[PDB]
Each structure stands twice: as C-alpha cells, then as structure tokens.
Amino acid sequence: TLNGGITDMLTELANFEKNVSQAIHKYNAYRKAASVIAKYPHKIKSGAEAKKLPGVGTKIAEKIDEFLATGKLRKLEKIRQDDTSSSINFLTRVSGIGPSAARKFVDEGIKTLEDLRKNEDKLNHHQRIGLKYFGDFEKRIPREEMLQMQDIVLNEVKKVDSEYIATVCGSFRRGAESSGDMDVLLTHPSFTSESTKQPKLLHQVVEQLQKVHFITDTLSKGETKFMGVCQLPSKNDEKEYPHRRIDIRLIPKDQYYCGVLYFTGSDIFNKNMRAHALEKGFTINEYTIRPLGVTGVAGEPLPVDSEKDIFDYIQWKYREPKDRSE
DNA sequence: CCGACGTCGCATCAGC
DNA sequence: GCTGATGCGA
DNA sequence: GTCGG
Ligand SMILES: Nc1ccn([C@H]2C[C@H](O)[C@@H](COP(=O)(O)NP(=O)(O)OP(=O)(O)O)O2)c(=O)n1
Ligand SMILES: [Mg+2]
Ligand SMILES: [Mg+2]
Ligand code: NA
Ligand code: NA
C-alpha cells in the first residue's frame with residue numbers, strides 16, 4: 001500500500017480511457033503501469049524514479065510529479081466535473097453496459113440509477129440483471145463466504161456425476177482474503193480435446209445448482225461458459241447474503257493446466273505472460289501453448305503436464321498462484 | 001520514429 | 001438460417 | 001501511453 005495514491009490515480013485514468021475515450025490500449029497502458037508500481041517495494045519519491053519501471057513512460061512520470069507535489073491531478077479533477085464523463089462512468093458500472101451502450105443511454109437522457117429503473121424495457125437481459133443487483137455486485141466476498149460457496153458447488157457437482165472435477169480459480173485460487181466473484185473451472189472425462197461424448201455437461205451442472213436455489217439468475221450461457229448469479233442460503237431470521245457473480249468454465253479435461261493457468265489470472269498477469277510468450281515465439285490460450293512459425297502461424301500444441309511446463313516453455317521461473325496477483 | 005499492443009465465449013445485429 | 005463483425009466480458 | 005525494432 002506504499003504507493004496507493006498513485007495507483008488509484010492511474011486506475012481512474014485507465015477507467016476514463018476505457019469507458020469515455022474508448023481507447024482500450026490506453027486503458028491497458030495505465031493498468032500495466034498501475035500494476036508495476038503496486039508491487040514496487042519503495043514509497044516512490046518522483047516521476048523519474050517511477051519512469052525506470054517498465055510500463056511507466058514520460059507522460060505518467062509527469063503525472064506522478066504533479067500528484068506528489070499537490071495530492072491531486074488537474075486532468076482528473078476536470079474529468080470529474082464533466083457531466084458526460086461522470087454519467088458514462090456511472091452507467092458502465094452496471095454489468096452489461098459498456099462504453100458504447102453507456103454513451104447511447106446518455107444520448108437518450110438515461111443517465112442515473114433512477115433513469116435505469118424507469119426504463120428496464122430498454123435494457124437487454126444481462127443489463128437488467130446487472131441493474132437488479134447493482135448494489136450487491138459492488139460488494140466484495142469474504143474468503144469465509146467463498147469457502148462456503150466452494151463447499152456447495154463441489155458437493156452439488158459431485159451429486160450430478162462423481163467424475164466431474166470443479167476447481168475454484170480466480171482471485172480465490174491466488175489466496176485472496178476477499179474476492180469480487182466466484183470463478184469455477186469444470187472438467188469431466190467425457191469432454192476432451194478429441195471428443196465430446198456427452199451433451200449438456202455444463203447444462204446439467206447449472207440446472208442442479210439452480211434446483212438447490214444456489215444459482216438465481218443467468219447472464220449468459222453456452223456449451224462451455226456460464227455467467228450468472230448465485231446466493232448463499234441464510235438461516236432463520238437472518239438477513240440474506242448478497243447475490244454474487246459466478247462464472248463457470250467447462251474446459252477439455254486434457255487441457256486442464258492451460259485452463260487453470262488462464263482462469264487463475266490475474267488478468268494483467270495473463271496479458272503479461274501471453275505477451276512474453278509471443279516474444280519467445282509461442283502463443284498461449286486457455287487450451288494450449290503453441291509455437292509460432294516464422295510465417296507467424298501457430299503450430300501444433302506442445303505437451304503440457306503441469307502449469308510449470310507452460311512457464312518452462314517461455315523461460316519463466318515458476319510462480320505459485322499467490323504470486324500472480326498483478 | 002512508429003507499429004503493435006493476449007486471447008477467446010456468448011449476445012446481438014447486419015447482410016445475404 | 002448462416003456468416004462475420006461488434007460489444008462486452010472472463 | 002509505452003516500448004522495441
Ligand atoms: N481481461 C481478462 C479478465 C479475466 N481473465 C481471467 C483472469 C482472471 O483471474 C479470471 C477471472 O476473471 P475475474 O473474476 O474478473 N478476475 P479475478 O478472479 O482475478 O479477481 P476478482 O475481481 O474476481 O476478485 O479470468 C483474463 O484472462 N482476462
Ligand atoms: Mg473472479
Ligand atoms: Mg469472474
Ligand atoms: Na519506464
Ligand atoms: Na459495465
């Protein structure tokens with residue numbers, strides 16, 4: 001927490017560029033810089049000192065000098081007083097409302113929470129659930145609740161078919177004391193890179209979790225990815241738990257290590273690792289690591305028998321999940 | 001300087 | 001309906 | 001916005 005003021009400022013600039021300017025690579029730039037500063041183990045004294053870090057260039061060094069001298073950033077102070085930016089930045093906090101739909105809504109005069117609640121019929125299904133649980137989805141999940149949720153998911157999955165394996169990934173697998181949501185990696189021996197010997201493998205699991213009233217809403221659902229809402233059960237006279245976001249990803253059982261590497265994250269860790277892979281002549285997705293030809297076309301999948309095999313290919317020392325929180 | 005920035009699933013829409 | 005592009009998100 | 005060719 002040494003450089004919290006600086007990393008907050010950068011994150012808010014990143015959010016501005018994503019939501020308002022619609023400049024994804026500036027969003028990624030600010031986020032990478034925020035990340036590299038967050039793990040820097042000194043209280044930063046100057047923009048110059050920060051500029052030595054990879055991802056911090058001239059412009060962010062100048063903003064850090066301003067922030068350190070004054071405690072504020074004029075650029076942000078203006079963004080905060082702009083009405084369209086404030087409106088757009090608010091609307092994009094609803095799940096399913098991105099930068100384009102947020103700017104469209106403002107254009108139509110829909111720009112507050114009360115506007116959204118009067119105009120549900122202008123929301124698609126994902127956005128309407130995001131509005132429904134707007135407050136709940138802002139709350140973090142204590143790891144103790146994550147452990148209860150893990151218990152339910154794993155036991156309900158076992159009841160469907162004892163050959164399922166469910167692994168909780170994301171920030172939970174990295175050991176976080178609180179999580180934004182729950183991420184569940186699912187495998188089953190009938191679904192491999194070579195064949196799908198059983199249909200509805202994801203569906204059967206979703207259905208069981210709805211049957212026990214753990215899953216309460218569905219944001220999207222395909223053959224391999226489910227995005228929805230869940231809720232722990234509460235006891236008599238107890239206030240209910242908040243509703244939580246839950247993502248379930250069915251991955252071919254022989255591609256578990258690539259899948260669990262992907263789903264463990266962090267998101268910035270994945271970006272950095274896949275960028276480094278490219279620099280080493282490989283491409284990594286959630287299924288495989290493959291060589292790059294000089295052509296520039298991916299080759300055949302390389303053998304992978306642990307997450308560490310993937311690190312070895314790109315000549316990275318292994319990093320445990322808890323050390324991937326970039 | 002300047003091209004290039006990780007990789008993909010599901011929802012939705014345009015065009016045929 | 002199919003295909004491909006765009007939005008949004010993991 | 002940053003960085004490597
Ligand atoms: N842009 C993104 C977003 C997510 N992911 C992967 C890495 C994440 O750890 C995993 C799940 O995404 P997530 O739930 O939004 N983030 P994560 O679980 O790390 O932290 P929380 O905010 O959920 O506590 O998907 C990715 O590879 N690229
Ligand atoms: Mg998560
Ligand atoms: Mg998630
Ligand atoms: Na730098
Ligand atoms: Na949003």
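First the proteins, then the strands, lettered A, B, ... as listed; each starts at 1. Atoms considered below: every heavy atom in the structure, side chains included; atoms not considered: hydrogens, waters and symmetry mates.
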* Could you tell me whether the side chain of A:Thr192 and the main chain of A:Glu194 form a donor-acceptor pair under 3.5 Å? => yes
* Asked: Is a donor on one side and an acceptor on the other found under 3.5 Å between the side chain of A:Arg173 and the backbone of A:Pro321?
  -> no
Which nucleotide, [options], lies nearest any side-chain atom of [X]?
{"X": "A:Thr224", "options": "C:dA10, B:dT7, B:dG9", "value": "B:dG9"}
{"X": "A:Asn270", "options": "B:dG6, B:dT12, D:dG1", "value": "B:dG6"}
{"X": "A:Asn124", "options": "B:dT12, B:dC8, C:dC8", "value": "B:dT12"}
{"X": "A:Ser220", "options": "B:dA11, C:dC8, C:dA10", "value": "B:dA11"}
{"X": "A:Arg245", "options": "B:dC8, D:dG1, C:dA10", "value": "C:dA10"}

* Asked: B:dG6 base to A:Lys271 side chain: any donor-acceptor pair below 3.5 Å?
  -> yes
Figure out the [atom1]/[atom2] separation between [X] and [N], and round it to whole Å.
{"X": "A:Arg249", "N": "C:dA10", "atom1": "CZ", "atom2": "P", "result": "13 Å"}
{"X": "A:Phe282", "N": "B:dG6", "atom1": "CZ", "atom2": "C1'", "result": "16 Å"}
{"X": "A:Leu13", "N": "D:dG1", "atom1": "CG", "atom2": "P", "result": "9 Å"}

* Would you please classify the geometry between the A:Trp316 ring and the A:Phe269 ring as parallel, tilted or perpendicular, with 30° and 60° separating the classes? => tilted
* **Geometric class of the A:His188/A:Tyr164 ring pair [parallel <30°, tilted 30-60°, perpendicular >60°]** => perpendicular
* 5'-most contact on DNA chain B: A:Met227 or A:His25, nearest heavy atom basis? -> A:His25
* Structure fact -> Of A:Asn28 and A:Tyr287, the one whose nearest nucleotide on DNA chain B sits closer to the 5' end is A:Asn28
* Asked: So does A:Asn285 get a side-chain nitrogen or oxygen closer than 4.0 Å to the phosphate oxygens (OP1/OP2) of B:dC8?
  -> yes
* Asked: OP1, OP2 of B:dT7 versus side-chain N and O of A:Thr283: anything below 4.0 Å?
  -> yes
* With the 5.0 Å threshold in mind, work out if A:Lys225 uses its side chain to reach into the major groove or the minor one. => minor
